Amino acid sequence: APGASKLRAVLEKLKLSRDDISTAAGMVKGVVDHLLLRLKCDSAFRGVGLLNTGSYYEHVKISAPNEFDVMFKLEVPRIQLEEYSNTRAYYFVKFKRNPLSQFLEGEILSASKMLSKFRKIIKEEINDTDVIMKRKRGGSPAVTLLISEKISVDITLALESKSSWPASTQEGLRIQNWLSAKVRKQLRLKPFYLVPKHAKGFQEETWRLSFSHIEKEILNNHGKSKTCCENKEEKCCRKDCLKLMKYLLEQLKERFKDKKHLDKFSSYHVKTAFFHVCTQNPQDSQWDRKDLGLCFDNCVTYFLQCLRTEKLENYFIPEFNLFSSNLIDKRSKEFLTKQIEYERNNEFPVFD
Amino acid sequence: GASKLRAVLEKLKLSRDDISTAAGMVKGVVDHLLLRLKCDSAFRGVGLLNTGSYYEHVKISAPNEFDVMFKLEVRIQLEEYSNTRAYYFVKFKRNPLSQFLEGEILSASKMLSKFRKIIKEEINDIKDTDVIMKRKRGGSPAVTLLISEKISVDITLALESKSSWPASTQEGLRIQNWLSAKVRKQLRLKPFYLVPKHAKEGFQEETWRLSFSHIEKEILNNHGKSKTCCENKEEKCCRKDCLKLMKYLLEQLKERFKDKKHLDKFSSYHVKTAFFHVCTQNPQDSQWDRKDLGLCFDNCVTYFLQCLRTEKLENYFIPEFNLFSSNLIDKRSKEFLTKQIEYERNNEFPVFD
Ligand SMILES: O=C(O)[C@@H]1CCCN(c2nc3ccccc3n3cccc23)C1
Ligand SMILES: O=C(O)[C@@H]1CCCN(c2nc3ccccc3n3cccc23)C1
Ligand SMILES: [Zn+2]
Ligand SMILES: [Zn+2]
């Protein structure tokens with residue numbers, strides 16, 4: 001059936017912003033490189049570095065040309081984790097043995113003291129850029145840089161641990177039938193990350209698991225075939241389906257911006273649902289470009305099924321339901337369901 | 001005739017337990033050496049490389065003999081020797097190894113002597129172990145450890161360089177159609193290694209030779225176009241079994257004819273290099289179906305014979321370096337191996353009986 005041409009028109013429109021996203025990224029890289037070189041001089045942040053994560057390095061940044069999000073990794077001594085209240089994603093951080101001694105509150109690493117020093121040094125080194133404290137986000141992102149005219153950068157601190165992944169991830173990352181058990185094992189040997197994030201008042205000394213570096217690797221190396229999307233015979237529509245899924249939600253959220261019905265929904269929900277769609281459809285032949293219309297339709301349908309059943313487990317932490325009623329109320333999911341179904345039934349007028 | 005090739009593969013597995021037990025004994029001795037070496041200021045950054053046929057799962061000979069590479073992280077400047085493409089003098093830009101300098105170049109002889117002396121002193125404190133200075137191998141391997149009753153291990157020292165690969169590698173590693181250009185670029189961001197190896201003029205004694213054994217392992221242990229190659233019944237291929245059979249056939253021919261020197265210069269590295277070229281020429285997993293093992297091995301043998309007849313076998317990473325040059329292997333050797341392999345193939349490999 002006709003319709004995919006409208007999806008292609010949207011993908012063409014998104015490509016027009018590539019050069020403006022590239023020139024603003026080059027300015028961000030300049031400020032960020034200078035920030036890190038000054039941060040490494042502090043004894044607590046000597047092991048600081050740049051994590052090459054986010055939609056920009058995944059080549060799926062499809063809105064906000066002057067809004068970037070960057071992660072600063074910090075290598076830590078051997079970390080011991082203590083799960084917080086069976087949340088499977090939030091942990092207290094302890095140490096087996098230390099430059100971060102000043103930030104201990106008892107025996108746990110205080111996220112409050114780490115953010116305070118992080119925000120203080122950044123404000124001191126920024127002193128054509130200004131700094132803004134990022135509030136109402138639980139600590140991640142911590143700050144927002146304002147660079148030159150209208151460029152903003154959200155900066156997130158992330159502890160790096162080279163230890164085995166926590167037990168709560170043992171059944172996650174179900175890529176064996178898609179990218180192979182060998183790749184799974186190699187991914188699980190990479191470090192994992194922890195960002196400061198309070199858990200709901202709130203417990204303010206918790207850290208949350210982050211696998212943004214794994215998400216980027218899978219997105220940029222997404223086929224069963226190693227030569228997927230490298231020649232005309234092996235072009236797939238995986239990345240374009242993710243792009244359109246993120247664009248659909250962003251255009252809907254802009255459409256209903258004044259009311260908070262879609263406030264709790266995030267590009268991470270679409271990203272997580274997409275990874276599960278890839279697990280359920282591991283063969284490259286199921287993602288052929290001539291079926292771009294079909295594939296996007298099945299992606300929308302899968303995300304619709306997640307909202308109706310109120311189930312969307314974290315791809316890495318299967319016991320963590322991103323769609324739990326403690327996080328997103330039923331009426332919000334029903335509202336998003338109705339609007340997406342309307343769009344799908346009318347060839348997506350949001351894309352006009 | 002493919003059933004006899006399967007019989008060989010079956011009988012090769014009987015030695016897996018003996019290989020594993022000896023490998024564990026080697027590891028314990030090797031770990032004691034690395035701890036002693038890391039105490040010296042010149043070798044503070046020494047580490048184990050984990051390469052060779054054991055870690056590639058294609059070890060087919062000498063269950064009690066192993067090859068081990070100690071890597072040493074070094075910012076070096078390379079100066080190619082006599083346009084050889086593979087042999088280099090090592091200089092430094094802008095130093096823990098300054099005791100091994102002779103003028104501006106890093107001396108392989110001076111570094112090997114200190115390497116041998118530390119290992120020899122750390123071995124005298126380990127029971128049922130002795131060390132031998134390896135001769136006539138040009139410095140690599142440097143020593144041979146004797147362990148317990150019949151275990152021996154060759155130890156090679158290797159400088160690690162995290163800089164860009166040398167220009168002689170620019171058009172090597174032609175895996176784009178097989179393992180993808182994305183993987184090729186990832187492999188080339190890894191370090192390269194240099195082993196001490198004298199060059200024939202070996203008459204020039206301060207050269208180092210490029211080594212990519214870590215890259216050969218990655219390819220062999222991740223060999224399919226499909227990431228799930230050999231991970232399920234639908235995607236079982238015969239690539240590694242073909243390599244094992246090629247290695248076994250050459251080794252068996254060398255041992256059968258060791259009373260003469262006709263085959264002394266041939267090495268398993270020649271078979272492995274030809275195999276990588278076979279993989280480049282046949283990139284699809286479908287061309288390596290396990291039901292066609294007899295045909296696949298026959299085509300591998302055929303390709304190796306063609307290299308022998310044409311006297312052409314480029315180093316897989318350095319395409320201008322011909323391993324089958326007349327400066328390295330006499331035409332008489334190639335002719336004798338050709339005739340022997342042809343006779344074997346014609347009568348269903350009686351060498352395996
Ligand atoms: O990891 C991050 O911080 C990324 C940037 C912020 C958004 N995001 C999320 N990651 C989560 C990781 C574990 C549990 C819940 C998560 N979650 C719930 C809503 C949004 C997220 C992705
Ligand atoms: O590199 C080593 O030392 C490995 C262990 C010894 C065997 N070998 C060879 N590598 C070479 C690398 C560049 C040029 C010629 C090479 N060559 C010629 C005959 C055998 C080799 C592999
Ligand atoms: Zn693709
Ligand atoms: Zn295979």
# chains A, B, ... in the order shown; residues from 1 in each chain; ligands from 1
>>> interface_residues(of="chain A", to="chain B", cutoff="12 Å", atoms="only C-alpha atoms", output="JSON, numbers by chain")
{"A": [175, 176, 177, 178, 179, 180, 181, 182, 183, 184, 186, 217, 220, 221, 222, 223, 224, 225, 226, 227, 228, 229, 230, 231, 234, 282, 283, 284]}
>>> residues_near_ligand(ligand="ligand 1", cutoff="7 Å", atoms="only C-alpha atoms and all ligand atoms", output="list in words")
residues 89, 140, 208, 209, 210, 211, 212, 266, 268, 269, 314, 320 and 322 of chain A
>>> atom_distance(atom1="CA of residue 84 (chain B)", atom2="atom 20 (C, counted along the ligand's line) of ligand 2")
14.2 Å
>>> residues_near_ligand(ligand="ligand 2", cutoff="7 Å", atoms="only C-alpha atoms and all ligand atoms", output="ChimeraX atom specification")
/B:86,140,195,209-211,267,269-270,315,321,323
>>> select_by_dssp(residues="region 151-268 of chain B", states="strand (DSSP E)", output="JSON, numbers by chain")
{"B": [151, 152, 153, 154, 155, 156, 157, 158, 159, 160, 161, 192, 193, 194, 195, 196, 208, 209, 210, 211]}
>>> write_last_selection(atoms="N, CA, C and O atoms", output="compact mmCIF listing (two decimals), in the first residue's frame")
# COMPACT_ATOMS: atom_id res chain seq x y z
N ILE B 151 56.96 -30.49 28.63
CA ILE B 151 56.37 -29.24 28.20
C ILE B 151 57.48 -28.25 27.85
O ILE B 151 58.48 -28.14 28.58
N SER B 152 57.32 -27.56 26.74
CA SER B 152 58.22 -26.48 26.39
C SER B 152 57.40 -25.33 25.81
O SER B 152 56.35 -25.55 25.21
N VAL B 153 57.88 -24.11 26.03
CA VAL B 153 57.19 -22.92 25.56
C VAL B 153 58.21 -21.93 25.03
O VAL B 153 59.22 -21.65 25.67
N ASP B 154 57.95 -21.41 23.83
CA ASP B 154 58.76 -20.35 23.24
C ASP B 154 58.19 -19.00 23.64
O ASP B 154 56.97 -18.79 23.58
N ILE B 155 59.07 -18.09 24.06
CA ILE B 155 58.67 -16.77 24.55
C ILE B 155 59.21 -15.72 23.59
O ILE B 155 60.42 -15.66 23.33
N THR B 156 58.32 -14.88 23.08
CA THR B 156 58.66 -13.81 22.16
C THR B 156 58.38 -12.48 22.85
O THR B 156 57.33 -12.31 23.48
N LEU B 157 59.33 -11.55 22.75
CA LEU B 157 59.12 -10.18 23.20
C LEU B 157 58.58 -9.35 22.05
O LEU B 157 58.98 -9.54 20.90
N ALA B 158 57.65 -8.44 22.35
CA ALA B 158 56.99 -7.65 21.32
C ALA B 158 56.74 -6.23 21.83
O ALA B 158 56.06 -6.05 22.84
N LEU B 159 57.29 -5.24 21.13
CA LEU B 159 56.93 -3.86 21.41
C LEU B 159 55.52 -3.57 20.91
O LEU B 159 55.14 -3.99 19.82
N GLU B 160 54.76 -2.84 21.72
CA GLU B 160 53.42 -2.40 21.36
C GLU B 160 53.46 -0.93 20.97
O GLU B 160 54.04 -0.12 21.69
N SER B 161 52.84 -0.60 19.84
CA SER B 161 52.71 0.78 19.39
C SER B 161 51.25 1.07 19.13
O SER B 161 50.61 0.39 18.31
N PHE B 192 49.73 -2.04 16.82
CA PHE B 192 50.52 -3.02 16.10
C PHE B 192 51.75 -3.35 16.93
O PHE B 192 52.13 -2.61 17.84
N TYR B 193 52.36 -4.49 16.62
CA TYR B 193 53.46 -5.01 17.41
C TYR B 193 54.70 -5.17 16.55
O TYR B 193 54.62 -5.33 15.33
N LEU B 194 55.85 -5.12 17.21
CA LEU B 194 57.14 -5.33 16.57
C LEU B 194 57.92 -6.34 17.39
O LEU B 194 58.06 -6.19 18.61
N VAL B 195 58.44 -7.36 16.71
CA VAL B 195 59.24 -8.38 17.37
C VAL B 195 60.68 -8.25 16.88
O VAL B 195 60.90 -7.91 15.71
N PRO B 196 61.67 -8.48 17.73
CA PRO B 196 63.06 -8.43 17.26
C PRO B 196 63.34 -9.56 16.28
O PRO B 196 63.08 -10.73 16.57
N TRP B 208 63.42 -4.75 13.55
CA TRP B 208 62.21 -5.29 14.16
C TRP B 208 61.21 -5.58 13.05
O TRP B 208 61.13 -4.85 12.06
N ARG B 209 60.41 -6.63 13.24
CA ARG B 209 59.47 -7.07 12.22
C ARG B 209 58.03 -6.86 12.69
O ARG B 209 57.69 -7.20 13.82
N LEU B 210 57.20 -6.33 11.79
CA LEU B 210 55.79 -6.12 12.09
C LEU B 210 55.09 -7.44 12.39
O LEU B 210 55.31 -8.45 11.72
N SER B 211 54.21 -7.41 13.39
CA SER B 211 53.46 -8.59 13.79
C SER B 211 52.02 -8.18 14.08
O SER B 211 51.78 -7.19 14.77
>>> select_by_dssp(residues="region 125-328 of chain A", states="alpha helix (DSSP H)", output="MDAnalysis selection string")
chainID A and resid 125:126 181:188 212:220 238:255 267:280 292:308
>>> residues_around(residues="residue 77 (chain A)", least_positions_apart="6", cutoff="9 Å", atoms="only C-alpha atoms", output="mmCIF file with C-alpha atoms, in the first residue's frame")
data_model
loop_
_atom_site.group_PDB
_atom_site.id
_atom_site.type_symbol
_atom_site.label_atom_id
_atom_site.label_comp_id
_atom_site.auth_asym_id
_atom_site.auth_seq_id
_atom_site.Cartn_x
_atom_site.Cartn_y
_atom_site.Cartn_z
ATOM 1 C CA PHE A 95 34.256 1.043 47.863
ATOM 2 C CA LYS A 96 36.363 -2.017 48.634
ATOM 3 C CA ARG A 97 39.356 0.127 49.649
ATOM 4 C CA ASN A 98 41.012 7.067 47.510
ATOM 5 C CA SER A 161 33.033 0.636 36.781
#
>>> residues_around(residues="residue 348 (chain B)", least_positions_apart="3", cutoff="8 Å", atoms="only C-alpha atoms", output="PyMOL selection string")
chain B and resi 1+4+344-345
>>> write_last_selection(atoms="N, CA, C and O atoms", output="PDB file, in the first residue's frame")
ATOM      1  N   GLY B   1      35.529 -38.963  -0.341  1.00  0.00           N
ATOM      2  CA  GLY B   1      36.757 -38.832   0.423  1.00  0.00           C
ATOM      3  C   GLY B   1      36.658 -37.897   1.617  1.00  0.00           C
ATOM      4  O   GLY B   1      37.571 -37.834   2.442  1.00  0.00           O
ATOM      5  N   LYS B   4      37.243 -39.295   5.341  1.00  0.00           N
ATOM      6  CA  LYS B   4      38.587 -39.367   5.905  1.00  0.00           C
ATOM      7  C   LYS B   4      39.016 -38.032   6.506  1.00  0.00           C
ATOM      8  O   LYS B   4      39.753 -38.009   7.498  1.00  0.00           O
ATOM      9  N   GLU B 344      49.018 -36.666  -2.767  1.00  0.00           N
ATOM     10  CA  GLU B 344      48.104 -36.898  -1.655  1.00  0.00           C
ATOM     11  C   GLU B 344      46.658 -36.687  -2.085  1.00  0.00           C
ATOM     12  O   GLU B 344      45.794 -37.533  -1.832  1.00  0.00           O
ATOM     13  N   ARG B 345      46.376 -35.552  -2.732  1.00  0.00           N
ATOM     14  CA  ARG B 345      45.007 -35.256  -3.148  1.00  0.00           C
ATOM     15  C   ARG B 345      44.487 -36.294  -4.139  1.00  0.00           C
ATOM     16  O   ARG B 345      43.317 -36.685  -4.068  1.00  0.00           O
TER      17      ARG B 345
END
>>> decode(residues="region 88-117 of chain B", atoms="N, CA, C and O atoms", output="PDB file, in the first residue's frame")
ATOM      1  N   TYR B  88      62.005  -2.986  10.333  1.00  0.00           N
ATOM      2  CA  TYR B  88      62.143  -1.579  10.689  1.00  0.00           C
ATOM      3  C   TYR B  88      63.186  -1.398  11.779  1.00  0.00           C
ATOM      4  O   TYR B  88      63.354  -2.251  12.650  1.00  0.00           O
ATOM      5  N   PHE B  89      63.884  -0.272  11.716  1.00  0.00           N
ATOM      6  CA  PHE B  89      64.599   0.251  12.868  1.00  0.00           C
ATOM      7  C   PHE B  89      63.631   1.072  13.704  1.00  0.00           C
ATOM      8  O   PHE B  89      62.674   1.650  13.185  1.00  0.00           O
ATOM      9  N   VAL B  90      63.868   1.098  15.010  1.00  0.00           N
ATOM     10  CA  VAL B  90      62.999   1.801  15.944  1.00  0.00           C
ATOM     11  C   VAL B  90      63.764   2.994  16.500  1.00  0.00           C
ATOM     12  O   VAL B  90      64.876   2.844  17.022  1.00  0.00           O
ATOM     13  N   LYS B  91      63.179   4.178  16.360  1.00  0.00           N
ATOM     14  CA  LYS B  91      63.663   5.399  16.982  1.00  0.00           C
ATOM     15  C   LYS B  91      62.557   5.973  17.855  1.00  0.00           C
ATOM     16  O   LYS B  91      61.410   5.521  17.826  1.00  0.00           O
ATOM     17  N   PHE B  92      62.907   6.984  18.639  1.00  0.00           N
ATOM     18  CA  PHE B  92      61.971   7.598  19.567  1.00  0.00           C
ATOM     19  C   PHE B  92      61.792   9.072  19.240  1.00  0.00           C
ATOM     20  O   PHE B  92      62.758   9.772  18.918  1.00  0.00           O
ATOM     21  N   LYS B  93      60.545   9.528  19.304  1.00  0.00           N
ATOM     22  CA  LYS B  93      60.237  10.947  19.282  1.00  0.00           C
ATOM     23  C   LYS B  93      60.187  11.463  20.714  1.00  0.00           C
ATOM     24  O   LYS B  93      59.747  10.753  21.624  1.00  0.00           O
ATOM     25  N   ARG B  94      60.657  12.693  20.910  1.00  0.00           N
ATOM     26  CA  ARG B  94      60.690  13.328  22.231  1.00  0.00           C
ATOM     27  C   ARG B  94      61.387  12.459  23.280  1.00  0.00           C
ATOM     28  O   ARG B  94      62.434  11.862  23.020  1.00  0.00           O
ATOM     29  N   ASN B  95      62.690   8.297  29.196  1.00  0.00           N
ATOM     30  CA  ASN B  95      62.578   7.048  28.449  1.00  0.00           C
ATOM     31  C   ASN B  95      63.074   5.862  29.271  1.00  0.00           C
ATOM     32  O   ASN B  95      64.255   5.778  29.612  1.00  0.00           O
ATOM     33  N   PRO B  96      62.164   4.938  29.590  1.00  0.00           N
ATOM     34  CA  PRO B  96      62.568   3.745  30.350  1.00  0.00           C
ATOM     35  C   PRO B  96      63.509   2.823  29.591  1.00  0.00           C
ATOM     36  O   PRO B  96      64.236   2.051  30.229  1.00  0.00           O
ATOM     37  N   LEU B  97      63.522   2.876  28.257  1.00  0.00           N
ATOM     38  CA  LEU B  97      64.352   1.999  27.441  1.00  0.00           C
ATOM     39  C   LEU B  97      65.633   2.673  26.965  1.00  0.00           C
ATOM     40  O   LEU B  97      66.279   2.173  26.035  1.00  0.00           O
ATOM     41  N   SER B  98      66.018   3.796  27.581  1.00  0.00           N
ATOM     42  CA  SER B  98      67.224   4.500  27.157  1.00  0.00           C
ATOM     43  C   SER B  98      68.489   3.691  27.413  1.00  0.00           C
ATOM     44  O   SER B  98      69.506   3.925  26.750  1.00  0.00           O
ATOM     45  N   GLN B  99      68.449   2.743  28.354  1.00  0.00           N
ATOM     46  CA  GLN B  99      69.578   1.844  28.564  1.00  0.00           C
ATOM     47  C   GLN B  99      69.796   0.892  27.393  1.00  0.00           C
ATOM     48  O   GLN B  99      70.881   0.316  27.277  1.00  0.00           O
ATOM     49  N   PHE B 100      68.802   0.708  26.527  1.00  0.00           N
ATOM     50  CA  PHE B 100      68.923  -0.179  25.377  1.00  0.00           C
ATOM     51  C   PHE B 100      69.204   0.569  24.080  1.00  0.00           C
ATOM     52  O   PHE B 100      69.097  -0.022  23.001  1.00  0.00           O
ATOM     53  N   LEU B 101      69.565   1.846  24.161  1.00  0.00           N
ATOM     54  CA  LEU B 101      69.864   2.631  22.971  1.00  0.00           C
ATOM     55  C   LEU B 101      71.277   2.347  22.477  1.00  0.00           C
ATOM     56  O   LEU B 101      72.198   2.129  23.269  1.00  0.00           O
ATOM     57  N   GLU B 102      71.439   2.342  21.156  1.00  0.00           N
ATOM     58  CA  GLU B 102      72.750   2.354  20.508  1.00  0.00           C
ATOM     59  C   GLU B 102      72.683   3.479  19.480  1.00  0.00           C
ATOM     60  O   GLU B 102      72.124   3.307  18.394  1.00  0.00           O
ATOM     61  N   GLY B 103      73.228   4.640  19.834  1.00  0.00           N
ATOM     62  CA  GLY B 103      72.991   5.835  19.052  1.00  0.00           C
ATOM     63  C   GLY B 103      71.565   6.312  19.241  1.00  0.00           C
ATOM     64  O   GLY B 103      71.130   6.534  20.375  1.00  0.00           O
ATOM     65  N   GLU B 104      70.817   6.455  18.148  1.00  0.00           N
ATOM     66  CA  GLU B 104      69.422   6.862  18.230  1.00  0.00           C
ATOM     67  C   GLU B 104      68.444   5.708  18.063  1.00  0.00           C
ATOM     68  O   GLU B 104      67.255   5.879  18.359  1.00  0.00           O
ATOM     69  N   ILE B 105      68.896   4.543  17.609  1.00  0.00           N
ATOM     70  CA  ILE B 105      67.994   3.421  17.382  1.00  0.00           C
ATOM     71  C   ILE B 105      67.945   2.546  18.625  1.00  0.00           C
ATOM     72  O   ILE B 105      68.905   2.451  19.396  1.00  0.00           O
ATOM     73  N   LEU B 106      66.803   1.900  18.824  1.00  0.00           N
ATOM     74  CA  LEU B 106      66.653   0.961  19.922  1.00  0.00           C
ATOM     75  C   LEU B 106      67.251  -0.379  19.521  1.00  0.00           C
ATOM     76  O   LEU B 106      66.887  -0.945  18.487  1.00  0.00           O
ATOM     77  N   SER B 107      68.173  -0.882  20.334  1.00  0.00           N
ATOM     78  CA  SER B 107      68.894  -2.105  20.011  1.00  0.00           C
ATOM     79  C   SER B 107      68.086  -3.323  20.440  1.00  0.00           C
ATOM     80  O   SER B 107      67.779  -3.488  21.625  1.00  0.00           O
ATOM     81  N   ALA B 108      67.746  -4.176  19.472  1.00  0.00           N
ATOM     82  CA  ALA B 108      67.088  -5.436  19.794  1.00  0.00           C
ATOM     83  C   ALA B 108      68.012  -6.366  20.571  1.00  0.00           C
ATOM     84  O   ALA B 108      67.553  -7.083  21.470  1.00  0.00           O
ATOM     85  N   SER B 109      69.311  -6.358  20.254  1.00  0.00           N
ATOM     86  CA  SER B 109      70.265  -7.210  20.958  1.00  0.00           C
ATOM     87  C   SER B 109      70.358  -6.840  22.432  1.00  0.00           C
ATOM     88  O   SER B 109      70.325  -7.714  23.308  1.00  0.00           O
ATOM     89  N   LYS B 110      70.499  -5.544  22.727  1.00  0.00           N
ATOM     90  CA  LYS B 110      70.623  -5.114  24.117  1.00  0.00           C
ATOM     91  C   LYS B 110      69.349  -5.408  24.897  1.00  0.00           C
ATOM     92  O   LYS B 110      69.405  -5.828  26.058  1.00  0.00           O
ATOM     93  N   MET B 111      68.187  -5.192  24.277  1.00  0.00           N
ATOM     94  CA  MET B 111      66.935  -5.436  24.986  1.00  0.00           C
ATOM     95  C   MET B 111      66.689  -6.930  25.174  1.00  0.00           C
ATOM     96  O   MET B 111      66.186  -7.354  26.222  1.00  0.00           O
ATOM     97  N   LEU B 112      67.059  -7.742  24.177  1.00  0.00           N
ATOM     98  CA  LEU B 112      66.897  -9.189  24.295  1.00  0.00           C
ATOM     99  C   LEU B 112      67.803  -9.770  25.373  1.00  0.00           C
ATOM    100  O   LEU B 112      67.419 -10.721  26.064  1.00  0.00           O
ATOM    101  N   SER B 113      69.013  -9.223  25.521  1.00  0.00           N
ATOM    102  CA  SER B 113      69.927  -9.744  26.531  1.00  0.00           C
ATOM    103  C   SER B 113      69.386  -9.504  27.934  1.00  0.00           C
ATOM    104  O   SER B 113      69.447 -10.394  28.789  1.00  0.00           O
ATOM    105  N   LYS B 114      68.856  -8.308  28.190  1.00  0.00           N
ATOM    106  CA  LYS B 114      68.226  -8.035  29.476  1.00  0.00           C
ATOM    107  C   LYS B 114      66.964  -8.871  29.652  1.00  0.00           C
ATOM    108  O   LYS B 114      66.670  -9.339  30.759  1.00  0.00           O
ATOM    109  N   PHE B 115      66.208  -9.066  28.570  1.00  0.00           N
ATOM    110  CA  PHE B 115      65.014  -9.904  28.628  1.00  0.00           C
ATOM    111  C   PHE B 115      65.373 -11.333  29.016  1.00  0.00           C
ATOM    112  O   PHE B 115      64.763 -11.918  29.919  1.00  0.00           O
ATOM    113  N   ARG B 116      66.387 -11.900  28.357  1.00  0.00           N
ATOM    114  CA  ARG B 116      66.795 -13.272  28.644  1.00  0.00           C
ATOM    115  C   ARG B 116      67.324 -13.418  30.065  1.00  0.00           C
ATOM    116  O   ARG B 116      67.063 -14.432  30.726  1.00  0.00           O
ATOM    117  N   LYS B 117      68.057 -12.414  30.557  1.00  0.00           N
ATOM    118  CA  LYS B 117      68.693 -12.534  31.867  1.00  0.00           C
ATOM    119  C   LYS B 117      67.668 -12.488  32.992  1.00  0.00           C
ATOM    120  O   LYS B 117      67.824 -13.177  34.007  1.00  0.00           O
TER     121      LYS B 117
END
